[PDB]
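Data first, discussion second: the structure below is written as structure tokens.
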Amino acid sequence: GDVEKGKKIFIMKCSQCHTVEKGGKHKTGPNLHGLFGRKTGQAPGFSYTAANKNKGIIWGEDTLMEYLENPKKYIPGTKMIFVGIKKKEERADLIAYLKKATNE
Ligand code: HEC
């Protein structure tokens, strides 16, 4: 994926509710630093739904590709109210961006 295009998607569609930087603040949604390789519902200090907490998958490319296409479908009960990203390449670019940004 194209990290620069993914950053732009992040800003447009996610940044209203999420930060990515280490030590970044929780907002409507959790800070996302350290997301990759982590169980659902584990950002310290954020109050998740039981659904988010109990989904019982590990975040990575494959699970993010599915989740971000249709959040409610993947995690019924979630309080992330977001329509999803329809286009595969946009999801790929966004996830490439997140893989970098949530690690650095
Ligand atoms: C507010 C209107 C949000 C928008 C826009 C996006 N997200 Fe979100 N996200 C939000 C909430 C309130 C939550 C917690 C949901 C719950 O049921 O507790 C989340 C959760 C996530 C997660 C899961 C995090 C985990 O630790 O398990 C991911 C990976 C996530 N959100 C990513 C994400 C992206 C990439 C977005 C734009 C495409 C996005 N979210 C939008 C609130 C909101």
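Order of appearance sets the numbers: ligands from 1, and atoms from 1 within every ligand. Counting begins at 1 with the first residue of the sequence. These numbers come from the heavy atoms of this one structure, side chains and all, not from hydrogens, waters or symmetry mates.
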- Note on the structure: A student checking ligand 1 against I81 at a 4.0 Å heavy-atom cut-off should list atoms 2 (C)
- Pull out every atom of ligand 1 sitting under 4.0 Å from any heavy atom of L68, numbered as shown with elements. 34 (C), 35 (C)
- Full working for side chain to side chain contact (heavy atoms under 4.5 Å, CB included) between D93 and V3: CA-CA 6 Å; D93 286 351; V3 163; over 6 Å; no
- The closest protein heavy-atom partner of atom 8 (Fe) of ligand 1 is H18 NE2, 2.0 Å
- Mark the output for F10 as yes if a heavy-atom distance to ligand 1 is under 4.0 Å, and as no if none is. no
- Item | Proximal ligand 1 atoms for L94, defined as those under 4.0 Å from one of its heavy atoms | 38 (C)
- Item | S47 and ligand 1 - part of the residue with a heavy-atom distance under 4.0 Å | neither
- Of all protein heavy atoms, the one nearest atom 38 (C) of ligand 1 is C14 SG, 2.6 Å
- Task: Show which atoms of ligand 1 fall inside a sub-4.0 Å distance from at least one heavy-atom site of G41.
- Result: 25 (C), 26 (O), 27 (O)
- Query: For the side chain of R91 and the backbone of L64, is there at least one donor-acceptor N/O pair under 3.5 Å apart?
  - Reply: no
- Closest heavy-atom pair, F36 versus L98, reported as atoms and distance to 0.1 Å, is CE1-C, 3.7 Å
- Identify, for atom 43 (C) of ligand 1, the protein heavy atom at the shortest distance, and state residue, atom and that distance. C17 CB, 3.3 Å
- Message: Using the rule given for side chain to side chain contact (heavy atoms under 4.5 Å, CB included), can you reason through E66 versus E61, listing the C-alpha separation, both sets of side-chain angles and the distance that settles it, and then say yes or no?
- Response: CA-CA 9 Å; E66 181 169 356; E61 185 183 340; over 6 Å; no
- Query: With a cut-off of 4.0 Å, which atoms of ligand 1 are near a heavy atom of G29?
  - Reply: 10 (C), 11 (C), 12 (C)
- Between the CD1 atom in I85 and the SG atom in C14, the distance rounded to the nearest 0.5 Å is 5.5 Å
- Which residue and heavy atom of the protein sit nearest atom 26 (O) of ligand 1, plus the separation: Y48 OH, 2.6 Å
- Query: If you measure from CG on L68 to CD on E90, what distance do you get to the nearest 0.5 Å?
  - Reply: 12.0 Å
- Can you sort out which atoms of ligand 1 are near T78, meaning under 4.0 Å from one of its heavy atoms? 15 (C), 16 (C), 17 (O)
- Item | For atom 12 (C) of ligand 1, the protein heavy atom that lies nearest, with its residue and separation | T28 O, 3.3 Å
- Item | Rounded distance (nearest 0.5 Å) linking atom OG1 of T40 with atom CZ of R38 | 10.0 Å
- Query: Is any N or O atom of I85, backbone or side chain, closer than 3.5 Å to an N or O atom of ligand 1?
  - Reply: no
- Item | Stepwise side chain to side chain contact (heavy atoms under 4.5 Å, CB included) check, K13 with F82 | CA-CA 9 Å; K13 302 191 172 183; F82 175 67; 4.1 Å; yes
- Query: What protein heavy atom sits nearest atom 18 (O) of ligand 1, and how far away is it?
  - Reply: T49 N, 2.9 Å
- Query: Nearest non-hydrogen atom to atom 5 (C) of ligand 1 belongs to which of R91, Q16, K13?
  - Reply: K13
- Item | Flag side-chain contact, heavy atom, 4.5 Å: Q16 against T28 | no
- Task: Return the residue, atom name and 0.1 Å-rounded distance of the protein heavy atom closest to atom 15 (C) of ligand 1.
- Result: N52 OD1, 3.2 Å
- Geometric class of the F46/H26 ring pair [parallel <30°, tilted 30-60°, perpendicular >60°]: perpendicular
- Item | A51 to ligand 1, any heavy atom closer than 4.0 Å | no
- Query: Strictly by modelled atom types, are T78 and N52 linked by a side-chain donor-acceptor pair under 3.5 Å?
  - Reply: no
- Task: Specify the protein heavy atom at minimum distance from atom 28 (C) of ligand 1: its residue, its atom name, and the distance to 0.1 Å.
- Result: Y67 CE2, 3.6 Å
- How long is the span from the CG atom in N103 to the CG atom in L32, to the nearest 0.5 Å? 13.0 Å
- Note on the structure: Nearest non-hydrogen contact to atom 21 (C) of ligand 1 from the set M80, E90, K55 belongs to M80
